[PDB]
Structures are given as C-alpha cells and as structure tokens.
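This report refers to the structure that appears directly beneath it.
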Amino acid sequence: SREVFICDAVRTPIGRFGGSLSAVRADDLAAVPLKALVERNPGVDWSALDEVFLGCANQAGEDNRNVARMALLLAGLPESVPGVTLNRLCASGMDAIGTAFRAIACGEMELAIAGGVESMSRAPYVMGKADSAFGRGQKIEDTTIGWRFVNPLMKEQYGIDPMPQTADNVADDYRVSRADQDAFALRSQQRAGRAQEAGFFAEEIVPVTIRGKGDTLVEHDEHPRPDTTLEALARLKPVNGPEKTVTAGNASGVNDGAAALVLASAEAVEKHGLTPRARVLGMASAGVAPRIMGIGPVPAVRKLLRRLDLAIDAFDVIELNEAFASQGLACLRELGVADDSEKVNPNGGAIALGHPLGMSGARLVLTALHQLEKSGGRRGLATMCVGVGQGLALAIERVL
Amino acid sequence: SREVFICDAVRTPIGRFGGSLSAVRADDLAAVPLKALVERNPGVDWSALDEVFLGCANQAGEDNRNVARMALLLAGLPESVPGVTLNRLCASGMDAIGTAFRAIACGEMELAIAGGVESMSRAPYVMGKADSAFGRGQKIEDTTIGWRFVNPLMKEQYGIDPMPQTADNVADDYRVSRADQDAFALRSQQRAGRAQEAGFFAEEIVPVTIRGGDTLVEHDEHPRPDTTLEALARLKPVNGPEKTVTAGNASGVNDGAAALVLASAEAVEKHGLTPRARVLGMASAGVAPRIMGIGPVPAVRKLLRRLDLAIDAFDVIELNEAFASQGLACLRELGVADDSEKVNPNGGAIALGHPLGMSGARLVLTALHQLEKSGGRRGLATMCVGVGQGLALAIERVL
Amino acid sequence: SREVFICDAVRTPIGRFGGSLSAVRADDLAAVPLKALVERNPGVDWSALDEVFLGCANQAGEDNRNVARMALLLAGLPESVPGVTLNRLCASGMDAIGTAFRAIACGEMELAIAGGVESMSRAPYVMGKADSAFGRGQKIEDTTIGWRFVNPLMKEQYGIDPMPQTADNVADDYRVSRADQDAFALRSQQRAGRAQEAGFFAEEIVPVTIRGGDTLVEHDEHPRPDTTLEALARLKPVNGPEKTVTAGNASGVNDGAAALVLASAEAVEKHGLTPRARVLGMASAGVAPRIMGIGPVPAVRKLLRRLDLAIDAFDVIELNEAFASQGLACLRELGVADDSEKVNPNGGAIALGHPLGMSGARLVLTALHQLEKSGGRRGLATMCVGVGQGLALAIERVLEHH
Amino acid sequence: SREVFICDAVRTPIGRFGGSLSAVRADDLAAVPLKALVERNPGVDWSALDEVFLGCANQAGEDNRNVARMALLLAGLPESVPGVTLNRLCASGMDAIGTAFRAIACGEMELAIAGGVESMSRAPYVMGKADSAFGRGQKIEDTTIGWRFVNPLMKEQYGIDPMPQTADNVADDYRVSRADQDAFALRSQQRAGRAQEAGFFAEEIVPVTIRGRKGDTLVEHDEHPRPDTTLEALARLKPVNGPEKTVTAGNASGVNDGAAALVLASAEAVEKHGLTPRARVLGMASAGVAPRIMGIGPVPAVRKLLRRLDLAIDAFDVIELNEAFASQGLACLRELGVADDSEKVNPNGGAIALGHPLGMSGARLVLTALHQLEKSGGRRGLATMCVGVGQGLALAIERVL
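Note that the protein sequences, when read in sequence, are chains A, B, C and D.
Going letter by letter, the first sequence gives residues 1 to 400 in the working numbering.
Going letter by letter, the second sequence gives residues 1001 to 1399 in the working numbering.
Going letter by letter, the third sequence gives residues 2001 to 2402 in the working numbering.
Going letter by letter, the fourth sequence gives residues 3001 to 3401 in the working numbering.
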C-alpha cells in the first residue's frame, strides 16, 4: 500500500423527483461536477487523469453504455481519459471512491476522479423482448425505484420486499419505535436547516444551469423540510399499513444529483499542485438478508474497523446514510452509538437532503471530509445500506 | 511482492442471438459459472468469499440492479457475500478481474470471484418518460447493441458511429485491406475448429441446464468451421460497396458468462486452492470514439511501460476480435505479425462470438488455459471498448 | 320508407388537446350526452330504445371494444339496449345519424340514439407485436392524429399525405389563395363569437362534471373571437413559406361528444316526443386521398341528384371547416359564395375545433338548431374524410300549420 | 322497404393464432375477398359500387383508420368508392351485412359489399399517454382479446368477466353440463370434418398467397379444425377457470385470423350488373343482455327478429349459431326450443372447429347459411351470435327460387 489523498470535491444540489433538476439528462448531470473540478483546479494537466470512476444504480436511461465515459467527454476532459461505471445500487458512489483508492494504493494509477450520479426523475421504462412470434406477454416496468424483471427463484428464496417494507422489517426485528424514528427524522431536518442557513451546503455545491425563456441556475438542495415538527411526523400514515412504522416523513425520497472527488498518490499531489485534504484508510463491504438490507452497515463497519484495528469511538464524524430512520437507529444501536449522537450526521442526512442512489455514497465521503475540516476532527467513517442486502463502509483521516 | 493468484476459472458456452442460451435470464446465466466454481472447489469455506465482481454492459434487463449480487444469491452463495457490477462496455469482464486484483493487491480482501455476463438475446427495449402531460413524443429503443438516448452534444463533438462504422474508419485510417481482414477471419475460424476438435473449449466450459424434459448446452454455437476465403470474399460490406467490414470478418451478437477465483498467498494456503497464474497488472486508455478499435494500442503500451516489458515478452496474446480491421491495425502498431501464432492461438470472437460483459473474462481465462497447454510463461489479454477505450491485463503462469 | 324524426339533441363543450376535457375518459365522455338525453326526456320508457349508434375514429384507447355499448351502460341506460360503433374517421358522427335513419326508415327499429365521441387528448400509443422470437424491430406510434402502421402498397399508390398537406394540395389544385383562406377563418371566428355572446352554443351544450371538489365544464375552449386578419396573415404555413394552410385557417385537435334522438311517427306518439326535423337522406363519395378536402362535392351532388334538389333549396349548409382551403374549394365547386350567410352561420370547426367522431353529429345538431332560430326549412350537413371521402346528410324542419 | 339480394360471397380460410395467415396485415387480409369479388364478377361496372361496409372489432393495428376504405383501395377498387367500418365486437361482420341491407332497402344505395376482417395474431399492444410530467403509471395491454383500459365504474356495476368466465356463468345459470358441452364440441368437429372432406369449405374459400425467401405458401384450408377429436380427449381437459367449472379450450372456439365479403344489390342493380340473386335478406335485430351472461344474447335478438317477421323458429331450414362456447350454444338452443343435436343447427360445424376471427365470423355465418340453403334446397336461414359486453345479433335470409 502507498497513501491515497482525497483533494477537491464538489456536488450538484439534490433535486426532488420531477423538480429543479428533472430537465437535466443523467449524462449531462454527471458532467457538471467533472467540469467544476477542471475549472476549480486550473494548475492540473488533465491529460494525466488516469480514470473517471462513477457510480450509477440505473444505467438504462441517458446513463446507459458507461456514463463515466459519456460524462467525462461531455465535461470537456481529453478523449485519452478512460472511464468505468460501478453499480452497487445505493452505495455505487462510495464504491467508485473505494475502487479509485485501491487502484492508486497498489500503484496502478496516480490520479483519478471518483463519484456518482442518479437521475431518478428521468429513469426510463423497460420492456422485455417477446421470446416467441406474436408474444402476448410483453409488459413495461418503471425503473425509478423498485424491482423489475423479477426472478421467481429470487422472490421464492429471498423475497422482493420494497425498500420501505425492508425498513419495516428492520423496525420489527430490531424494535425501533415510530416515536424514535420520528425524533431521528426531526433531528435530520433541524440539523440540515441550521447547516443550510450557515451556508455549509453552499460550500459543497456547484450550480447547475438549466437552458429553458432564459437560462436559470439551480444552487439550493430542494428536498429539505426545515419547518418539520414532531407533531406533523406523528400524523403521517405508514407506507405499509396502520400497524407499521415507516412513513414518507421518517424516510428519504426519490431524487436527482451528481458528485465527484479527486484522488491522488503523494507524487500526483506534488506534480499537479493539489491540496491533499484527507487520507483514505480503507473500504469494506458485507452481505445481509435482503429482507433487512438496512442493517447492512453493521457488518460492513465491523469488517473495516477490525482490519484497521480501530473502535467506533476513534471517529469524530460518522456519515450513516438515512435511507430510513428505522435502519439508521438500528445500525447505531448495534454499533453502540447514541441515537442522538452529535458525531453522527451532524448536518443532517438523506431524510432532509434526498437519496439519488448513485450520488449518495460520494456525497457522504465529501460531507464527512467537509465536516472534519470545519470541526478540526481527525477520522471520518461513511457507511450505507444497499438494496438486496449489503452494506459498505469507507474511513478517511484529515491531513494535518 | 503481495501476489494475487488466479485459481479455478470456467465459462458457459457462447450462444448465438436467439440461439441455444436465449431462454436463460441474464441473472440465471451469470449464476451458472458461480455455482460451477462452488461445486468444483468444495474444500473452500465460501463464507470467506470477500466479493463477487461481474462485468455487464447492459444492466437494463434481467441483469438490472447489480447482477453480481443477484447472481451470487441465485448460485447458492451465502447472503453474507457482497457483490458489485462493473460497466466498461466490451471490457467489463476484464475490468472485473483487474478490480478484484487491485482489491486483493492492496490488502483490502483475500478471496474474490470476478467475471462477466451478457444476454444480448434478452436485452430489453427502453422508453423515456413523458416530460409533459399527454406527451406525444415517446418512443422505444432496442438495447441489444448500439446507441440509445443519444445526447446531441455527444453526436456533434464525437459522433455516434455504430461499431462496424468505427471498424471501417480504422480500416481506412490504418490502411487495412479487405483481403487482410478476410484472411485474419479465416485463421480465427480454422484455429477455432482445431481447438474445438482437440476438446480445448470443452475444458473451459461448464454446461447450462435448459428446462423444457431438460437439455444441456455444452458447445459454443457461433463458430463457422467450414468458412472459406472465397465465402468471405463474396460478402457485401455493412456500410456499402466501397468499405471493408462485413458480417464474416467481424464478431456477432451473443450470450454467455464466465467467472475466475482470485486469491492472496494466504487464501490459497487457507482454502487448499491450486494457484495457476499471478496477475501482473491492468491498464486502460481512451481514444477517439470514431476509431475505438485502436484502443488496445495505448492500453497495452501503458501496461508494458509500467511492467518494463516489450510485447515479445508474451507467449500468448488474447486480442479481442471485435473486427479483423482493428485486430490487424493493433497488431501492426504494436510490432506483432498479422498471422502470429502467439495471437489468439485457438481463434477469437470472429469464431466464438462477443457477449460484451463476458468477453474480457473469457480472454483472461483462455490465455491462462493456453499457457498451461503450451508450457508458456506470460499472457497478455487486451480489447477495444465502444466510445473509444482499450483495456489490457497481463498474467504469468506459476512455477 | 317511413318518415324519421330528429327529436332532442345535445353536445358537450369541445375542449382543446390537453385542456378542459383532457381528464375525462373517452367512454365516460360519450356517456355524458346519453345521460343528458335520458334526464331531459324523463317521460320516455328508455327500455324501448332499440339501439345506440356512436361514431368514433380511434377505438384503441378508453373508446375500445364498441364505445357505443360501453357508453350506454355507463350512462345508466338498461343493459337490454344494444349499441354499435361506426368509423368513417372525420364523418363517423354523421354516419351514426344516417345509419340510425336507415334502420328506422325500412321499419327495422322505432327509436334510436345516434352521435359520436372523440378524445384526441387521451388517444393512446400503439405497438405492433414482434413477428419473430427476440424481434428487435418493435416501435410505438401516437394515435392522436395521422398515419400509423403504414402499408407500403398504400404509400406507393395513394400516398400518406398528412391532413394539412392534403389541404395545401386542394389550395394548389383548386387555386385557393392564402388571403381568401384567412378571410374565411376570420368569418368563422367572428360568427362563432356572436353566437357565443347570444347564448346559441349554451343551448346546445350539457355540462361535463370534472371530479377533483368537482368543477363543471360548460363552454367551448377552442374559439379565438379576438382573431384579426392581420394576426392570421402573420402566421407561418405548416408545410413551408410557399404554402397556404396555417394553424389559424385550419381546425385543431379536440375532445367532445354529442347525441341525438331519432324516432318513427309511431315512437314519437308512443313516447310523447317533440319531432323537430325529418331526415331526407345521406350519401357518401370517394375522392383521391391527396385531395380528401374536396370529398363533399361528389357527396353533396350524389345526395341532391337522388333528392331532386338544387344547392339553393337549402336555408342552412354546415360544411365542416377542417381547412379553409377545402371549405372554399367545396363552396366554389357547388356554386355557393365564399362568404354566404347560409354556410356555417354560427361559424365552424376553425373556431369550435374538430373531435373527429363527434363533429358530424355536431353539424346535424347545429344545422337543425339554426333552422329553428331562422325559421328556415331544409338543412344540408357535409364534411370531408381522411383517405378521400365526403359525407352529406339533409334534414327538413318539421313546420306547424295554423 | 324494397327487396335486397345477396349475390356472390367469399371468405379466406381461417388461420390459427400465429398460424397460416399470421404474416398477412389486417388491411391486406380484408383486401383479399374484395379482390376476389371483383375478379369473379367482371360483368359489374365497379365504379357503380356505392359502399364497402366491413366489421372489425379491434381497429388499433393495421386495421386502424377505417379498414373498409383502406382495404377497398388495396383491393384495386376505384378511389370514387367510399367505405365505412362497423364495431359490434363478435357480431361486427353480421352488422356490416345488415347495415348494407338497410341502406339498399330504404332506397339510399343500389350496390354494396359487406363483410368483416380480424387479425387476432397481429392485434397490437396499446399504451395510455402519461397525464403528468415524468408519470410513473404507464402500462401496455395486449388487444388480441379481453378487457383493456378498464373503467372502474364498468367493473363495479357490470364486472369485466373474461369471455370464458361468461360462458361458465351461462353453464351455471342455465344448467348446461360439462358432458353436454363436450358432446356439442365433438359434433362440431365431426360435422366440420365431413364438410371439409366433402369440399363444402373449398366452395366458400378464396386462397391467400404468402411470399418470402422460402417461396410461396398457398393458404387454402381452414387450420383450426381438430377432426381427430374424441369425447374422452375432451373429457380429460382442465377447465379454464378451475376444477369446479365446465368451459375448456376443447368446448370453446379460439383466437383466429380471416376475412369475408358479400355483394348486396337491389333488383335493378342485379339486372344492370348481370349478378345472380341467391337470397333475399328478410331483416336483422339486436338485443342487450347482462355482460356477465353475454352468451345468451342470441335468445332476445332471435325472438325480436322472429316477432317482427311473424316466423316461428321451425320455419328455418338452417340455423347458424356462432359457437363461441358450447355452454352458450346449448343454452340459446334450449331457450329457443331447438334440440341440442339438431341437424338444422350448424349442419357443417361451427366456430369450435373453424375458429372465431371476431369481425369476420358474422359475415361467415351469413355466407355459409346461404351456401347450406343452396346445397340442401332449404328456403329460410337464420344466422345469430353472442357479443362481448352482452349483446346478440340475428339476421334472416330466404333462398331465391
């Protein structure tokens, strides 16, 4: 192993479904943070960029045929730069970062961009080919979210629980009450409201231009509900019926966004005049039962911390993706961290900010690093649950 | 050094479009080699498997939402095993192996499976959402091959040349005659027919069970062993009578899957594995989309500069045969004879077909197979990528 | 042949594409005039209704599988009442009336409803089946307007000219200027604006209930009563600057339904109906598809030859205004002045819109309405048809004596 | 009401779903009987044809935008000849004949062609527009058979029972046993088998030629019959709607492709054009019933026609009762007072053997009733059929002496 440094990092705002980014093609959306990294670091010879690594969970729409390569071409990067796209659903953007990290760490590259994109607004319909002449069985399925082309052997053995059903399964199996879930969701809105007002998100964001009438600029996260009250949350009806616990209020949404980071060896930092902001420590993955996918981060974090020989206490910032309050609380309880820890999602998370699957994992690493710089903390841990039962964890350390 | 070894490696047969594997869902197809590797190596505690890495170029069909994880669950691997899917179009399967290699090389994992899948038979149609109430503008597009949801900025700047058009561009720009392309295609069919008859492909292949009573698919379906130079010389070019690329000097559209075991020294010792090769390294390069077939040249050169090796250092070169034109253009730029017996000794994709995600993994698997049969040392696997890339991966047989 | 009477007649307002009626399923929309006739004539034993005949040009969407029978059931008519749907594209609604007329005229039934419906807003996409395992050639086609599933034998022999191109072919071959087309369009907008202001259309219309709180849709959405000659003269032609057909001298894409009661002398007496007109007859004709707009000329001639009437025996002529070019070319062939006050006296489809299946029912309904207002005797309704047809239907107001 | 004659009449063979006619566009298929009427009757000035009327149940596919006019143009008929398409689902082709009849009977025209077409093989999929930006609710529906774009009000008030369910409802409410349904099915296959061997269908049929790189196929024979059907093979089939029900694939018609067309003429037109008058049309009547028991539709349609003509059912030498399902065939015969096994009912078999291309079937019933009257020397024929969403239609004819 040699050392690997995260240098510059930017993200787009995150839009609501059908919202402020809904007119931006996924490939063009993935380009925006790449173009911004080129314009923010003008001292770099971009023909020395070894690879662009992007996470993308869909890849059926405008993000088809390796959107990493589509996006780097659209962003103005030299045609000599290769690109590759990663799919670990919800954790694709974190996976891109770990994958760029491992490539640099064993000496195969010097300089890379890793991040992620999802346009859930523009997710297309898919239709299976007829497998016989004049086939009457064709159907179209929405790829915004959820299962399509269901394998009967998968449904039989593992189920096809929608994500909110998995979050109810976690609330049942780990005993996470409606009240604790709603209190977690309120803290995410409150912390994100304070961060919004302080300009913490504006420090992360690069704006998107919508060419419409006249050009407009998207600059603000659209998903947050900073006026949320505990009383409003307690009135919401659960997604899966009156005795369940998961609601639209204690869960993230469907969203659009992109993010990208520079990773570099020590030599690349010195050749290209980069600011090394953090060292990557490592990434680990784990499988769990698909029906309780939200608990994924517990064995992923434990595999990483065992190999790094570190306790959860060694971390000043923990970014635990808030796909659902039920699974966030259950992961914190298993790992021995207080429900309301100020070290965990200190500026709020996905319940406030939304969850464009491919982008989210890149956002978590980006914002952990950002919060370490503001707080003068040392170690950061980013972790998230993954559809069909996985977790992923990635640790960093601020450069002193 | 911190060595990474390729152990067991297997592949399905390769099916024609609408052919012998066309009834097998992409996810079930991917699961076939994973289940074969489990059954062939029962001394392994499979709960110690760190990751499944699969290449897949499409991911809109039965391969959606991370086919690596779908396939490992369908194959019977424990749910504790994570999976991730890579997309570098044509080279996805080679990228999977290189990615597993890097994860083990830097100490993050011990034991991985890497491979690839493509069901081009069962690739779906895609339809964009309406952006307006009562939208009249919707259309469906085929994802079997080629461009869909064309970005007009991509089309203006780099073009949207179909793969056979790029191959014609390489023929013109690198002066590769029709006659040279057709002779290359004939050698592929002849080398392939010999290897078939010798039972070489059968040693790589694990059979696919098709449920009707039940049948077994065991034989590669794409090869045309009775091909003649006169039969190739008579075909009309895809892009008109001036041009050189035909259906005969080109790969087709195909279905298949492959998977390899990769392991640290420690994992080999712990799980009683047979190490067969050491992975030396992988490199990628970009080129102009319009001549994507030349991608292997700067990828090979990047890898060989880092390893400190000349192209003559390799006993086997597996160069994907997407198009005879780009195969020859690459061989001539690299200083290797058109007809070299070191290059694709048992034939390539013109004969065997090209299920995108699978091909990269097949090239590594079969390079290692050929090294064992010949007593050679170093193998080089390389291939072009749609939208202008190349990938190269080098291996070395163990002593 | 016995006499056949038109009794009560009603229509929905006509909506724009994606406008005021765009949320109403085609079948529900067809039910609205049927239900209005039942509630307006509560005297009648509706179990004696012999048939519902509706026109509909599309029948792929919510109007699939015989919208006449769907609509009569949704309207609350007894399940004992049968229904049949007619498709002569643009003239389907007129054909429904003429078909009811003929059934009653040769004694096969006593009492019918005839009308038409179109929801061009909600027209679906269609997709051919794959003719081979793993077929790669599938596509989807919009059914809102225009050609789909094109037969190469039809394209080669007759062409697949879009409707506005056929209107440009009629303007070229019959020499109809841009300026005469624009002046014909202006007259339709002015005439319809006077008719709107007087409450003439409100008398035709029954409201559509939109479920949200519920709203009512009560007035035509398509008219542009502030239209000026200057504003029409500025519009760019559909098929390029050397052509004449525009958005302003042509009808639109529209939603609407209409229905009329038809009865024998015996049904009028038995059910206590008010007879308002007798049907004199219907005739159809084919022309070249490329000049479909001239269809009404041989249709009107064939009808008037059999009825032994000249064109000036008609107090009202409702000529569908699909395009000003073909309206003018038709009036000039029949010897009727471009600006006649007998022709479309309350304006036409350039103002009101053209929901294909409904328009033909609307023309007969509004011809009869105009006869009652003016004290006129005979009306003629005639319209052009896609792929080269014309249809013409003549009525005579029932006159009292002493 | 003056007299109206049926003159020449022809049909394609009936193909199976995805079978012998499956490569023929619906509009080209409809053109084949029209082209054959022209070639068989060169004594006609075809510029005097007043109208082509075709039945068609679907009209979403290659049959879109008035297939009557598309087909007469493809058939080579002059562009001066108008056409109109009727939709009464299963009865559309009978409706076309009645409609041509009524136009001639009240003096509005002299010479017409009437018939029907269905290509159930090539029926397309239909997809509703999204009613909102980025709508997630779109779906496609097969239009081969069955409900699409279901109205929740129709489902709540009347149901959306598929056709076989309606036939099970008729078997339950009218007490029609599985045994009687299978014996009815067997008689249809045996009668169609004898008619086939006798060349009876060959006299009705004009061939379709299909081209391609494997050469020409001449399609000449009905493909749906299973003349080797046995009672024990019928009795082994599993019912469509579960073990308690009676309707099977063996005691029901299928999904099929075909076209048919008939010449109708006034006395004067018969004279002027050198036509052979074969039958007088007596009349047509329609009736509604509950959609859930649509198979009983022919009972009130027949009773209404026979009341107005002042005829008893026994005045007919031939009854062509469409065999959509044996259950409704038998229920209708028992209501009209005609024996289950009558030799006057479907003497040459019916839709259980021959198939049911919706728009075409009603035209075939009238065509083949007239044919059987000519072979037998019978005087009066009755054609009747049930209709999806609860109708019947009945049409009566009289052989010219």
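Using N, Cα and C, we set each Cβ at its ideal position, and we do this for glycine too.
So that I know if they touch, is there some Cβ in chain B lying closer than 8 Å to that of residue i?
{"i": "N321 (chain A)", "result": "no"}
{"i": "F3149 (chain D)", "result": "no"}
{"i": "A248 (chain A)", "result": "no"}
{"i": "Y174 (chain A)", "result": "no"}
Quick check: is the beta carbon of residue i nearer than 8 Å to any beta carbon in chain D?
{"i": "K2129 (chain C)", "result": "yes"}
{"i": "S1132 (chain B)", "result": "yes"}
{"i": "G1135 (chain B)", "result": "yes"}
{"i": "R2040 (chain C)", "result": "no"}
{"i": "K35 (chain A)", "result": "no"}
{"i": "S22 (chain A)", "result": "yes"}
What residues of chain C sit near residue i, judged by a beta carbon separation below 7 Å?
{"i": "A3105 (chain D)", "result": "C2106"}
{"i": "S3001 (chain D)", "result": "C2106 and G2107"}
Counting only Cβ pairs nearer than 7 Å, list the residues of chain A close to residue i.
{"i": "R1011 (chain B)", "result": "None at all; the shortest Cβ gap to chain A is about 22 Å."}
{"i": "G3018 (chain D)", "result": "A133 and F134"}
State yes or no: is the beta carbon of residue i nearer than 8 Å to at least one beta carbon in chain C?
{"i": "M3294 (chain D)", "result": "no"}
{"i": "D3257 (chain D)", "result": "no"}
{"i": "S3327 (chain D)", "result": "no"}
{"i": "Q3165 (chain D)", "result": "no"}
Please work out which residues of its chain come closer than 8 Å, Cβ to Cβ, to residue i, disregarding the five sequence neighbours upstream and downstream, and give them in chain order.
{"i": "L3333 (chain D)", "result": "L3321, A3339, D3340, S3342 and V3345"}
Give me, in chain order, the residues of the same chain whose beta-carbon lies closer than 6 Å to that of residue i; leave out the 5 immediate sequence neighbours on both sides.
{"i": "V2176 (chain C)", "result": "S2325, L2328 and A2329"}
{"i": "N41 (chain A)", "result": "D8"}
Can you list, in chain order, the residues of its chain whose CB lies under 7 Å from that of residue i, leaving out five sequence neighbours each side?
{"i": "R187 (chain A)", "result": "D340"}
{"i": "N3169 (chain D)", "result": "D3161, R3292 and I3293"}
Within the 8 Å Cβ cut-off, does residue i reach chain A?
{"i": "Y3125 (chain D)", "result": "yes"}
{"i": "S1080 (chain B)", "result": "yes"}
{"i": "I3113 (chain D)", "result": "no"}
{"i": "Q1389 (chain B)", "result": "yes"}
Below 8 Å on C-beta distance, what does residue i contact in chain D?
{"i": "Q371 (chain A)", "result": "Neighbours of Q371 (chain A) on chain D: none; closest Cβ ~33 Å, over 8 Å."}
{"i": "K139 (chain A)", "result": "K3139 and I3140"}
Just the chain B side, please: which residues come within less than 7 Å of residue i by C-beta, in chain order?
{"i": "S2121 (chain C)", "result": "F1134"}
{"i": "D2142 (chain C)", "result": "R1136"}
Around the C-beta of residue i, are 16 or more other C-beta atoms found within 10 angstroms, so that it is buried, or is it exposed?
{"i": "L3089 (chain D)", "result": "buried"}
{"i": "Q1181 (chain B)", "result": "buried"}
{"i": "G2375 (chain C)", "result": "exposed"}
{"i": "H1222 (chain B)", "result": "buried"}
{"i": "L217 (chain A)", "result": "exposed"}
{"i": "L3370 (chain D)", "result": "buried"}
Just the chain A side, please: which residues come within less than 8 Å of residue i by C-beta, in chain order?
{"i": "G1376 (chain B)", "result": "Within chain A, no residue comes near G1376 (chain B); the closest Cβ sits about 24 Å away, beyond 8 Å."}
With a cut-off of 8 Å, does the C-beta of residue i fall near any C-beta of chain G?
{"i": "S2264 (chain C)", "result": "Absence of chain G from the displayed structure is noted, the protein chains being A, B, C and D."}
Quiz item: Where in the stretch 48 to 128 of chain A do unbroken runs of the alpha helix (DSSP H), each at least 4 residues long, occur, reported from the N-terminal end onward?
Solution: Runs of the alpha helix (DSSP H) inside the stretch 48 to 128 of chain A: 67 to 74 and 92 to 105.
Self-check item: Segments assigned beta strand (DSSP E), at least 3 residues, entirely inside the stretch 1304 to 1349 of chain B
Solution: List check, beta strand (DSSP E) in window: 1316 to 1319.
Exercise. Quick one: which unbroken alpha helix (DSSP H) runs of 4-plus residues sit fully inside the stretch 1120 to 1182 of chain B? Chain order, please.
Key: When DSSP assignments are scanned along the stretch 1120 to 1182 of chain B, the uninterrupted stretches of alpha helix (DSSP H) that are 4 or more residues long and fall wholly within it turn out to be 1152 to 1158 and 1163 to 1173.
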